[PDB]
Amino acid sequence: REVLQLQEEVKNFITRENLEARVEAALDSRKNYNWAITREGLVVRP
Amino acid sequence: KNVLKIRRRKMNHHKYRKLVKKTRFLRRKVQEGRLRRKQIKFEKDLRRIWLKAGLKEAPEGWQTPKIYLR
Amino acid sequence: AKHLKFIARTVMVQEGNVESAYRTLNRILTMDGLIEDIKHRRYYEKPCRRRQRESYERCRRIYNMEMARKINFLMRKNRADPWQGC
Amino acid sequence: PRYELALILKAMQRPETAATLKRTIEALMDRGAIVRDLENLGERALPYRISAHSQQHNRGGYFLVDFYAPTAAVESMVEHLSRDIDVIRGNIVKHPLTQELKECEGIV
Amino acid sequence: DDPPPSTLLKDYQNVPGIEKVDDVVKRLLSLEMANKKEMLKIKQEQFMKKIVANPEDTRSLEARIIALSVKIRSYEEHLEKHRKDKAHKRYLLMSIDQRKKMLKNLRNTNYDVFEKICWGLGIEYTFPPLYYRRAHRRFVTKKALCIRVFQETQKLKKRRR
Amino acid sequence: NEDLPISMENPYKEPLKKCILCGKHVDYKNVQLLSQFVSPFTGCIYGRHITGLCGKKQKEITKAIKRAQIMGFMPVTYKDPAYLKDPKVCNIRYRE
RNA sequence: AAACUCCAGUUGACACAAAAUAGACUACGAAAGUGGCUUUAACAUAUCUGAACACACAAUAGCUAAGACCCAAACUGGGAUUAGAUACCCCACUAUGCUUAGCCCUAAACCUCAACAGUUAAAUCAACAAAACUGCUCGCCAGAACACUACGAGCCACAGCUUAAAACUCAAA
Ligand SMILES: NC(=O)c1ccc[n+]([C@@H]2O[C@H](COP(=O)([O-])OP(=O)(O)OC[C@H]3O[C@@H](n4cnc5c(N)ncnc54)[C@H](O)[C@@H]3O)[C@@H](O)[C@H]2O)c1
Ligand code: FES
Ligand SMILES: [K+]
Ligand SMILES: [Mg+2]
Ligand SMILES: [Mg+2]
Ligand SMILES: [Mg+2]
Ligand SMILES: [Mg+2]
Ligand SMILES: [Mg+2]
Ligand SMILES: [Mg+2]
Ligand SMILES: [Mg+2]
Ligand SMILES: [Mg+2]
Ligand SMILES: [Mg+2]
């Protein structure tokens, strides 16, 4: 299972061919890792 | 615990360190003379060995090193 | 030095009550440990003395909380005597 | 192993930022890295003023580069990140996902 | 010699179809993309296959000797670079003593396996010294003189006879 | 006798108490979460008697805060003003 | 009072020093020790015991070479106090605390509890400390002082460290 998962994941890795397009797409994207916790133990997503 | 024993150890040690300071120069001469005599004794023991073995002199090329002189 | 100014340790005054703002700032600095840190940093505290002091305060706090708990637990029995006379 | 490079890049225009990202990923690959994905966290004010390459920065672009590299590569990459003038601050860490989320039974 | 960096990890070597995967997956599942511990595991497996009768039994004295030998090699490699690491020097010396004890037990119990272990791991078994006493300057010089005097006495006796 | 008691683990045993972050991943990039355990005015990390966190998660939060602070993700001398209106999870009041 | 006034306040740039808060945690390491961040190596042994000397280590202080120098500071000066101050208080500044390569091998180096295994039954148990014991092994001890001493031996140590007595004296310690 791990090997198959890695094999399917490798299809989306950055190579020397897609470096331009992937860099451009990443520059046109925003990732957010911020999230808060409440006194009840719940996650509040921004 | 014995605080008298530790205070006695302190007084004995402090008195001793005063004595060595006062007689530091006389002690050095005694130590160097003792080292000279000890080297002489070591050489005499080595000579005893090669004399008892049968050799009239030391082994060819042998020189008794000075193992105690700083 | 490399941080933005007027954000840290800053209190705004309400309706010209400057004394209240100062006392609130003092409470904040004392609660966050800054005041005692400044007072302790005036002279060097030796590591052994620091360890002894920290152990002493920790054990003092533990003992005081335990005694308070005991007194609060035994305070329930302090009511009017229900079997007075006998 | 798996590593995450947190990159704080100079506040530049889109072409220079793209060129810097390409150069960084190319160096990673030259040192033997397999780059998994590139995330953009955004351009934001730095938590504090940072002095790098005889320039003071108050704002910067935050990027994440996930990759697989040999253990010997990391040191080399660090030195490279020290020379790049468009990098305010680069830090390579072991990828947080590889760290195992051990389970807890609660307060004993 | 270390295993080649292209070698697969010990846990990813018997997976079915592992030869039918892409080159990138092969690189990711190789020693090149792993810490030194997986590479030491590969050395241990290779030594087990080369030496012991049952490579699966890790409980035998020979298997423990092989594992400790790999650990000792790792410690020596660490100490070549880290000359002032006293803790790792202690660990190396302790592991060497433990391996000597295990080798003594193996020699006392199974001499054939002892010989196989000694040949395979390149270990030259040495018997412990009978006495533990300081060889200070006086003793060393005196012993050298005594050896020289014995040599000269032998020469003189040969000449006489 | 069928009415005799039987050996058994306590069926009424209440589930052991959990900290608010139990089962959740603490990451150095999540400045919003790490800012909930620092003083708004000084940025000092709150102790476990204030945060209410367990020892393991207290250590995790401390390490994440230090990593974020040194890597240029979190301010040191104050809490980021953007996170001043987040839910309050620490048992501390300045009467402010 | 001396000292500085090339002084002081804000702002900006700016360490070979030290590592608030977390830590009210009690973890890692054989001990010594270890509390800023990242990464690489990495924390011996599936019987136990096993050394003043063998093999490795050992806080602080100290000795050689080079380097760094913010702050602190034996020593050394100046100011003040005092009957006097060769101290305490104030100012300044060294060796030293730091890095590199070697030494030195000492601590109230103490949990003042030797290592492993086992028991909670007996009168538990001189006292105090830290509940009382058992099996097995190594190390050590046989009145006080002389004595962390003398001599001998060993040592990169030379006013040093380890081991370590005897004579005279006393009825105690
Ligand atoms: N002296 C030896 O070389 C030696 C050789 C084999 C066994 N042992 C054993 O070690 C024990 C201690 O003997 P000791 O009192 O006469 O020595 P010791 O303590 O009186 O010292 C004298 C010499 O013996 C050495 N020594 C001390 N302890 C030792 C040990 N455990 N093992 C080996 N050498 C040691 C020392 O290095 C020293 O050179 C004894 O049980 C003995 O049987 C000693
Ligand atoms: S109580 Fe489970 S992680 Fe804190
Ligand atoms: K103690
Ligand atoms: Mg042992
Ligand atoms: Mg002995
Ligand atoms: Mg030392
Ligand atoms: Mg020094
Ligand atoms: Mg200690
Ligand atoms: Mg022992
Ligand atoms: Mg012993
Ligand atoms: Mg006596
Ligand atoms: Mg002596």
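No hydrogens, no waters, no symmetry mates; every other heavy atom, side chains included, goes into these values. A note on names: the letters A, B, ... follow the listed sequences, proteins ahead of strands, and every chain is numbered from 1.
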Inset, instruction - Counting heavy atoms from C-beta on, name the nucleotide in G:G154, G:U38, G:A159 closest to the side chain of B:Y68. - result: G:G154
Legend entry - G:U47 OP1/OP2 closer than 4.0 Å to side-chain N/O of E:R64: yes
Legend entry - B:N12 side chain to B:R8 backbone, donor-acceptor under 3.5 Å: yes
Inset, instruction - Identify whether any heavy atom of D:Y3 sits under 4.0 Å from a base atom; if not, whether one sits that close to sugar-phosphate; answer base, sugar-phosphate or nothing. - result: sugar-phosphate
Inset, instruction - Can you check whether any acceptor in the base of G:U38 is under 3.5 Å from a donor in the side chain of F:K66, or vice versa? - result: no
Inset, instruction - Kindly say whether G:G143 and G:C170 qualify as a Watson-Crick or G-U pair under the rule that both distances are below 3.5 angstrom. - result: yes
Inset, instruction - Give a yes/no on whether any side-chain N or O of E:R83 is located under 4.0 angstrom from OP1 or OP2 of G:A41. - result: no
Inset, instruction - Please examine the side chains of E:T141 and E:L145, heavy atoms only from C-beta on, and report whether any two atoms are closer than 4.5 Å. - result: no
Legend entry - G-U wobble or Watson-Crick pairing nucleotide for G:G67 (cut-off 3.5 Å, both distances): G:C98
Legend entry - Nucleotide nearest E:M94 (side chain, heavy atoms from C-beta), chosen from G:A44, G:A20, G:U39: G:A44
Inset, instruction - Could you label the plane-to-plane angle of the E:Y91 and E:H88 rings as parallel, tilted or perpendicular, counting under 30° as parallel and over 60° as perpendicular? - result: perpendicular
Legend entry - Centroid-centroid distance, C:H3 to D:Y48, less than 6.0 Å: yes
Inset, instruction - Report the nucleotide, chosen from G:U38, G:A101, G:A44, that has the shortest atom-to-atom distance to any side-chain atom of F:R67. - result: G:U38
Legend entry - Closest to side chain of C:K2, choosing from G:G50, G:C14, G:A46: G:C14
Legend entry - E:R133 to E:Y131 six-membered ring, cation-pi geometry met (6.0 Å, 45°): yes
Legend entry - Side-chain-base donor-acceptor pair under 3.5 Å for C:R41 and G:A20: no
Inset, instruction - Look at the side chain of F:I70 and decide which nucleotide, out of G:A44, G:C37, G:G154, has an atom nearest to it. - result: G:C37
Legend entry - Short side-chain N/O contact from B:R28 to OP1 or OP2 of G:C158, under 4.0 Å: no
Inset, instruction - Please confirm if G:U64 pairs with G:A101, counting Watson-Crick and G-U wobble geometry and requiring both distances below 3.5 Å. - result: yes
Inset, instruction - State whether G:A85 pairs with G:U38, counting either Watson-Crick geometry (purine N1 to pyrimidine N3 plus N6-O4 or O6-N4) or a G-U wobble (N1-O2 and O6-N3), each distance below 3.5 Å. - result: no
Inset, instruction - Please tell me which of the listed nucleotides, G:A30, G:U40, G:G35, lies nearest to the side chain of D:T71? - result: G:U40
Inset, instruction - Give a yes or no on whether a donor-acceptor pair under 3.5 Å exists between the nucleobase atoms of G:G102, that is its base, and the side chain of E:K84. - result: no
Inset, instruction - Could you check how far CG of B:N2 sits from P of G:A173, rounded to whole Å? - result: 13 Å
Inset, instruction - Taking the purine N1 to pyrimidine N3 distance and the second Watson-Crick contact, or the two G-U wobble contacts, each under 3.5 Å, tell whether G:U162 pairs with G:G84. - result: no
Inset, instruction - Kindly say if E:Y132 contacts the phosphate of G:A52, meaning a side-chain N or O under 4.0 Å from OP1 or OP2. - result: no
Legend entry - Residue whose closest nucleotide on RNA chain G lies nearer the 5' end, C:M65 versus E:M102: C:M65
Legend entry - Stacking of G:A122 on G:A123, centroid gap under 5.5 Å, tilt under 30°: no
Inset, instruction - Give a yes/no answer on whether the side chain of B:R8 brings an N or O atom under 4.0 Å of OP1 or OP2 in G:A173. - result: no
Inset, instruction - Check every strand shown and say whether E:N35 touches a base, only sugar-phosphate, or nothing at a heavy-atom separation below 4.0 Å. - result: sugar-phosphate
Inset, instruction - Check the angle between the aromatic planes of B:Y68 and B:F42 and answer parallel, tilted or perpendicular using the 30° and 60° thresholds. - result: perpendicular
Inset, instruction - May I ask whether G:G152 and G:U163 form a pair, defined as Watson-Crick or G-U wobble with both distances under 3.5 Å? - result: yes
Inset, instruction - Go through G:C156, G:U11, G:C146 for me and flag the one nearest to the B:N12 side chain. - result: G:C146
Inset, instruction - Return yes if some donor-acceptor pair links the side-chain N/O of E:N108 with the main-chain N/O of E:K104 below 3.5 Å, else return no. - result: yes
Inset, instruction - Please determine, for the side chain of B:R70, which listed nucleotide (G:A159, G:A24, G:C158) has the closest atom? - result: G:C158
Legend entry - Watson-Crick or G-U wobble mate for G:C136, both contacts under 3.5 Å: none
Inset, instruction - Could you check whether E:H88 and the base of G:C43 form a stacked pair, meaning centres closer than 5.5 Å and planes differing by less than 30°? - result: no
Inset, instruction - Report yes or no: do G:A144 and G:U169 constitute a Watson-Crick or wobble pair with both atom distances shorter than 3.5 Å? - result: yes
Legend entry - Quiz item: cation-pi between C:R27 and F:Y94, 6.0 Å / 45°: no
Legend entry - Any B:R9 side-chain N or O less than 4.0 Å from OP1/OP2 of G:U149: no
Legend entry - Side-chain donor/acceptor contact of F:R48 with base of G:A22 under 3.5 Å: no
Inset, instruction - Please confirm whether neighbouring nucleotides G:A72 and G:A73 meet the stacking test: six-membered ring centres under 5.5 angstrom apart, planes under 30 degrees. - result: yes
Legend entry - E:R27 (side chain) donor-acceptor with D:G32 (main chain) under 3.5 angstrom: yes
Inset, instruction - Ignoring hydrogens and angles, tell me if any N or O in the side chain of B:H14 forms a donor-acceptor pair with the backbone of B:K10 under 3.5 Å. - result: no
Legend entry - Mate of G:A3 where both pairing distances stay under 3.5 Å, Watson-Crick or G-U: none
Legend entry - Strand partner of G:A147, provided both Watson-Crick or wobble distances fall under 3.5 Å: none
Inset, instruction - For the side chain of B:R34, starting at C-beta, report the closest nucleotide among G:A22, G:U39, G:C151. - result: G:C151
Inset, instruction - Among the candidates G:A159, G:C55, G:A13, find the nucleotide nearest to the side-chain atoms of E:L93. - result: G:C55
Legend entry - Touch class at under 4.0 angstrom, heavy-atom based, for D:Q56 against every strand present: sugar-phosphate
Legend entry - Pseudorotation half of G:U86 (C1'-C2'-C3'-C4': positive north, negative south): south
Inset, instruction - Would you indicate, yes or no, if G:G154 has its OP1 or OP2 atom less than 4.0 angstrom from a side-chain nitrogen or oxygen of B:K38? - result: yes
Inset, instruction - For G:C28, give its Watson-Crick or G-U wobble partner with both distances under 3.5 Å, or none. - result: G:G33
Legend entry - Whole-Å gap separating P (G:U26) and NZ (F:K56): 14 Å
Legend entry - Short side-chain donor-acceptor distance under 3.5 Å, B:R34 and B:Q31: yes
Inset, instruction - Respond yes when some side-chain nitrogen or oxygen of E:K81 is under 4.0 Å from OP1 or OP2 of G:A41, and no when none is. - result: no
Legend entry - Wobble or Watson-Crick pair present, G:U39 with G:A122, both under 3.5 Å: no
Legend entry - Residue-phosphate contact under 4.0 Å: B:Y16 side-chain N/O, G:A150 OP1/OP2: yes
Inset, instruction - Please verify, for G:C161 and G:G154, whether Watson-Crick or G-U wobble pairing holds with both distances under 3.5 Å? - result: yes
Legend entry - F:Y28/F:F73 aromatic ring centres below 6.0 Å: yes
Legend entry - Phosphate contact (G:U38 OP1 or OP2) by F:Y28 side-chain N/O below 4.0 Å: no
Inset, instruction - Under a 3.5 Å limit for both distances, which nucleotide forms a Watson-Crick or G-U wobble pair with G:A73, could you say? - result: none
Inset, instruction - Name the residue closer to the 5' end of RNA chain G, choosing between E:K89 and B:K10 according to the nucleotide with the nearest heavy atom. - result: E:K89
Inset, instruction - Examine G:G143 and say whether its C1'-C2'-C3'-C4' torsion places the sugar north (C3'-endo side) or south (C2'-endo side). - result: north
Inset, instruction - Look at all strands and tell whether D:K94 reaches a base, only sugar-phosphate, or nothing, counting heavy atoms closer than 4.0 Å. - result: sugar-phosphate
Legend entry - Side-chain (B:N2) to main-chain (B:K5) donor-acceptor, under 3.5 angstrom: no
Please write out each protein N/O paired with an N/O of nucleotides 59-70 of chain G under 3.5 Å, distance rounded to 0.1 Å.
none

Inset, instruction - Positive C1'-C2'-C3'-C4' means north, negative means south, so call it for the sugar of G:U40. - result: north
